[PDB]
$ cat run.cif   # mmCIF, C-alpha atoms; chains and numbers go by the auth columns
data_my_file
loop_
_atom_site.group_PDB
_atom_site.id
_atom_site.type_symbol
_atom_site.label_atom_id
_atom_site.label_comp_id
_atom_site.label_asym_id
_atom_site.label_seq_id
_atom_site.Cartn_x
_atom_site.Cartn_y
_atom_site.Cartn_z
_atom_site.B_iso_or_equiv
_atom_site.auth_seq_id
_atom_site.auth_asym_id
ATOM 1 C CA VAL A 1 2.680 14.365 -28.609 0.00 341 J
ATOM 2 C CA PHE A 2 6.381 13.614 -29.281 0.00 342 J
ATOM 3 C CA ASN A 3 6.761 13.370 -33.086 0.00 343 J
ATOM 4 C CA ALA A 4 4.323 16.155 -34.002 0.00 344 J
ATOM 5 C CA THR A 5 5.157 18.575 -36.800 0.00 345 J
ATOM 6 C CA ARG A 6 5.425 21.662 -34.561 0.00 346 J
ATOM 7 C CA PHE A 7 5.169 22.043 -30.792 0.00 347 J
ATOM 8 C CA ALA A 8 3.926 25.169 -29.044 0.00 348 J
ATOM 9 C CA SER A 9 6.001 27.891 -27.408 0.00 349 J
ATOM 10 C CA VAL A 10 7.245 27.875 -23.828 0.00 350 J
ATOM 11 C CA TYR A 11 5.628 31.305 -23.397 0.00 351 J
ATOM 12 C CA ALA A 12 2.236 30.050 -24.648 0.00 352 J
ATOM 13 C CA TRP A 13 2.375 26.281 -24.123 0.00 353 J
ATOM 14 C CA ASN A 14 -0.417 23.834 -24.955 0.00 354 J
ATOM 15 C CA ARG A 15 -1.633 20.765 -23.057 0.00 355 J
ATOM 16 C CA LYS A 16 -2.715 17.437 -24.565 0.00 356 J
ATOM 17 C CA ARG A 17 -4.719 14.666 -22.902 0.00 357 J
ATOM 18 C CA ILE A 18 -3.665 11.006 -22.953 0.00 358 J
ATOM 19 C CA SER A 19 -6.413 8.740 -21.623 0.00 359 J
ATOM 20 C CA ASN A 20 -8.063 5.408 -22.455 0.00 360 J
ATOM 21 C CA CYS A 21 -5.191 4.148 -24.603 0.00 361 J
ATOM 22 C CA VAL A 22 -2.138 1.889 -24.378 0.00 362 J
ATOM 23 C CA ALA A 23 1.200 3.623 -23.728 0.00 363 J
ATOM 24 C CA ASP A 24 4.528 1.759 -23.788 0.00 364 J
ATOM 25 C CA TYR A 25 7.192 4.127 -22.440 0.00 365 J
ATOM 26 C CA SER A 26 9.930 1.479 -22.727 0.00 366 J
ATOM 27 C CA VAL A 27 10.696 2.784 -26.231 0.00 367 J
ATOM 28 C CA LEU A 28 11.764 6.209 -24.928 0.00 368 J
ATOM 29 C CA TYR A 29 14.812 4.674 -23.182 0.00 369 J
ATOM 30 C CA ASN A 30 15.726 1.701 -25.389 0.00 370 J
ATOM 31 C CA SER A 31 15.349 3.444 -28.765 0.00 371 J
ATOM 32 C CA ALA A 32 18.335 5.674 -29.590 0.00 372 J
ATOM 33 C CA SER A 33 16.125 8.408 -31.065 0.00 373 J
ATOM 34 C CA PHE A 34 15.634 10.986 -28.286 0.00 374 J
ATOM 35 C CA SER A 35 18.410 12.853 -26.514 0.00 375 J
ATOM 36 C CA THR A 36 17.840 12.535 -22.751 0.00 376 J
ATOM 37 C CA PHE A 37 15.260 10.836 -20.535 0.00 377 J
ATOM 38 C CA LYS A 38 15.059 10.867 -16.737 0.00 378 J
ATOM 39 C CA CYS A 39 12.101 10.227 -14.430 0.00 379 J
ATOM 40 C CA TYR A 40 11.695 11.666 -10.926 0.00 380 J
ATOM 41 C CA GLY A 41 8.287 10.616 -9.580 0.00 381 J
ATOM 42 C CA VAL A 42 8.719 6.984 -10.654 0.00 382 J
ATOM 43 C CA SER A 43 11.480 4.630 -11.724 0.00 383 J
ATOM 44 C CA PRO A 44 11.962 4.521 -15.528 0.00 384 J
ATOM 45 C CA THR A 45 11.754 0.705 -15.472 0.00 385 J
ATOM 46 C CA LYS A 46 8.380 0.531 -13.658 0.00 386 J
ATOM 47 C CA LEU A 47 6.483 2.829 -16.044 0.00 387 J
ATOM 48 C CA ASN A 48 4.557 -0.129 -17.505 0.00 388 J
ATOM 49 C CA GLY B 1 8.171 10.627 6.337 0.00 971 K
ATOM 50 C CA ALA B 2 8.010 7.959 3.624 0.00 972 K
ATOM 51 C CA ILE B 3 6.390 8.444 0.226 0.00 973 K
ATOM 52 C CA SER B 4 3.784 5.811 1.133 0.00 974 K
ATOM 53 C CA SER B 5 2.876 3.467 3.978 0.00 975 K
ATOM 54 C CA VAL B 6 2.547 0.412 1.683 0.00 976 K
ATOM 55 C CA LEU B 7 5.903 -1.313 1.211 0.00 977 K
ATOM 56 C CA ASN B 8 4.750 -2.955 -2.030 0.00 978 K
ATOM 57 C CA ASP B 9 4.166 0.456 -3.624 0.00 979 K
ATOM 58 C CA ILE B 10 7.660 1.691 -2.714 0.00 980 K
ATOM 59 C CA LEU B 11 9.560 -1.208 -4.294 0.00 981 K
ATOM 60 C CA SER B 12 7.357 -1.205 -7.410 0.00 982 K
ATOM 61 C CA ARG B 13 7.774 2.599 -7.795 0.00 983 K
ATOM 62 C CA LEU B 14 11.164 3.830 -6.556 0.00 984 K
ATOM 63 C CA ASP B 15 14.633 2.827 -7.696 0.00 985 K
ATOM 64 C CA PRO B 16 16.607 0.276 -5.614 0.00 986 K
ATOM 65 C CA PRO B 17 18.774 2.861 -3.793 0.00 987 K
ATOM 66 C CA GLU B 18 15.800 5.227 -3.437 0.00 988 K
ATOM 67 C CA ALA B 19 13.429 2.518 -2.184 0.00 989 K
ATOM 68 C CA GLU B 20 15.746 1.640 0.710 0.00 990 K
ATOM 69 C CA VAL B 21 15.585 5.249 1.923 0.00 991 K
ATOM 70 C CA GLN B 22 11.777 5.337 1.911 0.00 992 K
ATOM 71 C CA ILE B 23 11.477 1.929 3.594 0.00 993 K
ATOM 72 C CA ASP B 24 14.070 2.858 6.229 0.00 994 K
ATOM 73 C CA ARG B 25 11.922 5.820 7.292 0.00 995 K
ATOM 74 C CA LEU B 26 9.084 3.399 8.063 0.00 996 K
ATOM 75 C CA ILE B 27 11.381 1.056 10.003 0.00 997 K
ATOM 76 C CA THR B 28 12.523 3.984 12.155 0.00 998 K
ATOM 77 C CA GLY B 29 9.061 5.294 13.015 0.00 999 K
ATOM 78 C CA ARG B 30 7.260 1.957 13.293 0.00 1000 K
ATOM 79 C CA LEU B 31 9.985 0.719 15.653 0.00 1001 K
ATOM 80 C CA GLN B 32 9.649 3.753 17.936 0.00 1002 K
ATOM 81 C CA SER B 33 5.909 3.055 18.051 0.00 1003 K
ATOM 82 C CA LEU B 34 6.707 -0.397 19.444 0.00 1004 K
ATOM 83 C CA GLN B 35 9.294 1.037 21.847 0.00 1005 K
ATOM 84 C CA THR B 36 6.570 3.336 23.186 0.00 1006 K
ATOM 85 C CA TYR B 37 4.076 0.472 23.480 0.00 1007 K
ATOM 86 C CA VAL B 38 6.424 -1.967 25.233 0.00 1008 K
ATOM 87 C CA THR B 39 7.451 0.839 27.596 0.00 1009 K
ATOM 88 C CA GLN B 40 3.838 1.509 28.606 0.00 1010 K
ATOM 89 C CA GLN B 41 2.939 -2.178 28.950 0.00 1011 K
ATOM 90 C CA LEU B 42 6.062 -2.831 31.033 0.00 1012 K
ATOM 91 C CA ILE B 43 5.251 0.049 33.385 0.00 1013 K
ATOM 92 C CA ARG B 44 1.543 -0.836 33.336 0.00 1014 K
ATOM 93 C CA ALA B 45 2.463 -4.434 34.178 0.00 1015 K
ATOM 94 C CA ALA B 46 4.335 -3.187 37.250 0.00 1016 K
ATOM 95 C CA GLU B 47 1.365 -1.032 38.274 0.00 1017 K
ATOM 96 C CA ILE B 48 -1.200 -3.835 37.972 0.00 1018 K
ATOM 97 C CA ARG B 49 1.220 -6.200 39.727 0.00 1019 K
ATOM 98 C CA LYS C 1 -10.676 -17.117 -5.459 0.00 535 G
ATOM 99 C CA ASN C 2 -10.996 -18.884 -2.096 0.00 536 G
ATOM 100 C CA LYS C 3 -7.210 -19.422 -2.083 0.00 537 G
ATOM 101 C CA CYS C 4 -4.192 -17.520 -0.801 0.00 538 G
ATOM 102 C CA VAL C 5 -2.728 -15.771 -3.855 0.00 539 G
ATOM 103 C CA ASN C 6 -0.515 -12.862 -4.916 0.00 540 G
ATOM 104 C CA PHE C 7 -2.984 -10.397 -6.441 0.00 541 G
ATOM 105 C CA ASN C 8 -2.327 -7.253 -8.467 0.00 542 G
ATOM 106 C CA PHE C 9 -5.213 -4.837 -9.129 0.00 543 G
ATOM 107 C CA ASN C 10 -4.418 -1.374 -10.528 0.00 544 G
ATOM 108 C CA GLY C 11 -0.755 -2.037 -9.717 0.00 545 G
ATOM 109 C CA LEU C 12 -1.521 -2.533 -6.003 0.00 546 G
ATOM 110 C CA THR C 13 0.123 -5.896 -5.284 0.00 547 G
ATOM 111 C CA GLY C 14 -0.070 -7.951 -2.110 0.00 548 G
ATOM 112 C CA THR C 15 -0.809 -11.305 -0.511 0.00 549 G
ATOM 113 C CA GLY C 16 -4.254 -12.449 0.579 0.00 550 G
ATOM 114 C CA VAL C 17 -7.207 -14.733 -0.015 0.00 551 G
ATOM 115 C CA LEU C 18 -9.515 -13.410 -2.736 0.00 552 G
ATOM 116 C CA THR C 19 -13.225 -14.195 -2.526 0.00 553 G
ATOM 117 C CA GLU C 20 -16.560 -12.790 -3.659 0.00 554 G
ATOM 118 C CA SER C 21 -17.644 -9.980 -1.340 0.00 555 G
ATOM 119 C CA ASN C 22 -21.095 -9.393 0.134 0.00 556 G
ATOM 120 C CA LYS C 23 -20.412 -5.640 0.456 0.00 557 G
ATOM 121 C CA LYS C 24 -22.328 -3.274 -1.844 0.00 558 G
ATOM 122 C CA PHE C 25 -19.928 -0.533 -2.906 0.00 559 G
ATOM 123 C CA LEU C 26 -21.227 2.555 -4.666 0.00 560 G
ATOM 124 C CA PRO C 27 -20.473 2.907 -8.411 0.00 561 G
ATOM 125 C CA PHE C 28 -17.401 5.100 -7.766 0.00 562 G
ATOM 126 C CA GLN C 29 -15.642 3.249 -4.913 0.00 563 G
ATOM 127 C CA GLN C 30 -12.720 1.000 -5.895 0.00 564 G
ATOM 128 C CA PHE C 31 -10.835 -0.048 -2.728 0.00 565 G
ATOM 129 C CA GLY C 32 -11.817 -0.358 0.922 0.00 566 G
ATOM 130 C CA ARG C 33 -9.967 -0.283 4.230 0.00 567 G
ATOM 131 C CA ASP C 34 -10.027 -2.118 7.559 0.00 568 G
ATOM 132 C CA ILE C 35 -9.542 -0.828 11.118 0.00 569 G
ATOM 133 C CA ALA C 36 -5.778 -0.660 10.472 0.00 570 G
ATOM 134 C CA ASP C 37 -6.260 1.570 7.378 0.00 571 G
ATOM 135 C CA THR C 38 -4.945 -1.313 5.219 0.00 572 G
ATOM 136 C CA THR C 39 -6.622 -2.725 2.120 0.00 573 G
ATOM 137 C CA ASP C 40 -9.703 -4.756 3.089 0.00 574 G
ATOM 138 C CA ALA C 41 -11.531 -5.107 -0.249 0.00 575 G
ATOM 139 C CA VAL C 42 -10.841 -4.406 -3.920 0.00 576 G
ATOM 140 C CA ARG C 43 -12.632 -3.833 -7.226 0.00 577 G
ATOM 141 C CA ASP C 44 -11.509 -5.702 -10.328 0.00 578 G
ATOM 142 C CA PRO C 45 -10.977 -3.062 -13.067 0.00 579 G
ATOM 143 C CA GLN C 46 -11.902 -5.104 -16.167 0.00 580 G
ATOM 144 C CA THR C 47 -15.039 -6.878 -14.860 0.00 581 G
ATOM 145 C CA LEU C 48 -16.393 -4.729 -12.032 0.00 582 G
ATOM 146 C CA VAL D 1 -16.924 -6.179 32.576 0.00 826 E
ATOM 147 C CA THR D 2 -16.434 -5.807 28.814 0.00 827 E
ATOM 148 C CA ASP D 3 -13.427 -8.613 13.450 0.00 848 E
ATOM 149 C CA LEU D 4 -11.584 -6.559 16.071 0.00 849 E
ATOM 150 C CA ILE D 5 -9.624 -9.471 17.561 0.00 850 E
ATOM 151 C CA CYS D 6 -8.839 -10.838 14.089 0.00 851 E
ATOM 152 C CA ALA D 7 -7.605 -7.493 12.743 0.00 852 E
ATOM 153 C CA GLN D 8 -5.110 -7.190 15.607 0.00 853 E
ATOM 154 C CA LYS D 9 -3.705 -10.690 15.081 0.00 854 E
ATOM 155 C CA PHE D 10 -3.312 -10.001 11.355 0.00 855 E
ATOM 156 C CA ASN D 11 -1.196 -6.966 12.324 0.00 856 E
ATOM 157 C CA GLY D 12 1.120 -9.071 14.514 0.00 857 E
ATOM 158 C CA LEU D 13 -0.620 -8.016 17.757 0.00 858 E
ATOM 159 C CA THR D 14 -1.175 -11.456 19.275 0.00 859 E
ATOM 160 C CA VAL D 15 -3.601 -11.703 22.205 0.00 860 E
ATOM 161 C CA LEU D 16 -2.539 -14.799 24.125 0.00 861 E
ATOM 162 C CA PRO D 17 -5.150 -16.388 26.440 0.00 862 E
ATOM 163 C CA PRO D 18 -4.536 -16.411 30.198 0.00 863 E
ATOM 164 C CA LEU D 19 -3.187 -19.631 31.664 0.00 864 E
ATOM 165 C CA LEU D 20 -5.742 -19.637 34.504 0.00 865 E
ATOM 166 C CA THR D 21 -9.136 -19.493 32.789 0.00 866 E
ATOM 167 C CA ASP D 22 -12.227 -17.958 34.372 0.00 867 E
ATOM 168 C CA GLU D 23 -13.573 -21.409 35.264 0.00 868 E
ATOM 169 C CA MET D 24 -10.285 -22.233 37.000 0.00 869 E
ATOM 170 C CA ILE D 25 -10.466 -18.901 38.844 0.00 870 E
ATOM 171 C CA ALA D 26 -14.015 -19.579 40.052 0.00 871 E
ATOM 172 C CA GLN D 27 -13.046 -22.859 41.730 0.00 872 E
ATOM 173 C CA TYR D 28 -10.148 -21.267 43.619 0.00 873 E
#
$ encode --input "run.cif" --output "structure tokens"
Amino acid sequence: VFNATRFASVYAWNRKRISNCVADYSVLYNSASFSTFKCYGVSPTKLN
Amino acid sequence: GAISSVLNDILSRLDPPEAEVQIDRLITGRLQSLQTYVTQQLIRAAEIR
Amino acid sequence: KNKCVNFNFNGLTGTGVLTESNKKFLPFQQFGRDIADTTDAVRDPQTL
Amino acid sequence: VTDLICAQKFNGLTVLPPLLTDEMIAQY
């Protein structure tokens, strides 16, 4: 979803399902790997 | 006008400065509901008296 | 159960006395409501 | 002339009993 080899185009964009699995979004803010991260519908600290 | 009527959901969802805004909307409306109730009971108390 | 506790089911947290319910909810229903439209009953997600 | 009462008290709506009960009213 994030580290895939090639993403789709913005003109023809694809959708992927995430369900019935554990997701720890704390890495997206603590790890200095991705450029920018900002949540709007929920606080970034209460994702888990 | 708040995002939700449950106060526990606001604090556990919104940021600290954003949660105070959503909770303040409830305090404004819920208070006016009491001000309307106490006004009717006070007048109704005078009518029954 | 049978004690005033701070519960948290599906992220919905609150204060109340948990106890086994005599209500028969359909297979899809999760939460119930009282006259005041506030949470009256709950469904434990792990062990239904 | 005519739980519900418990749901109101849980919401902070306290229904206090009258001081002069119906039995006290009947004897007056």
$ resolve_selection --input "run.cif" --expression "the PyMOL selection byres ((chain K and resi 973-987) around 8)" --output "number ranges by chain"
J: 381-383, 386; K: 971-972, 988-993, 996; G: 546-548
$ axis_aligned_box --input "run.cif" --around "range 357-364 of chain J" --padding-each-side "6 Å" --output "JSON"
{"center_x": -1.8, "center_y": 8.2, "center_z": -23.1, "size_x": 24.6, "size_y": 24.9, "size_z": 15.0}
$ interface_residues --input "run.cif" --of "chain G" --to "chain E" --cutoff "12 Å" --atoms "only C-alpha atoms" --output "number ranges by chain"
G: 550, 567-574
$ atom_distance --input "run.cif" --atom1 "CA of residue 1002 in chain K" --atom2 "CA of residue 566 in chain G"
27.7 Å
$ atom_distance --input "run.cif" --atom1 "CA of residue 558 in chain G" --atom2 "CA of residue 359 in chain J"
28.1 Å
$ residues_around --input "run.cif" --residues "residue 388 in chain J" --least-positions-apart "5" --cutoff "10 Å" --atoms "all atoms listed in the file" --output "list in words"
residues 362, 363, 364, 365 and 366 of chain J; 545 of chain G
$ residues_around --input "run.cif" --residues "residue 557 in chain G" --least-positions-apart "2" --cutoff "9 Å" --atoms "only C-alpha atoms" --output "CSV table (one decimal) with C-alpha atoms, in the frame of the given file"
chain,number,residue,atom,x,y,z
G,555,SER,CA,-17.6,-10.0,-1.3
G,559,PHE,CA,-19.9,-0.5,-2.9
G,575,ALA,CA,-11.5,-5.1,-0.2
$ atom_distance --input "run.cif" --atom1 "CA of residue 1003 in chain K" --atom2 "CA of residue 1018 in chain K"
22.2 Å
$ resolve_selection --input "run.cif" --expression "the PyMOL selection byres ((chain G and resi 536) around 7)" --output "list in words"
residues 535, 537, 551, 552 and 553 of chain G
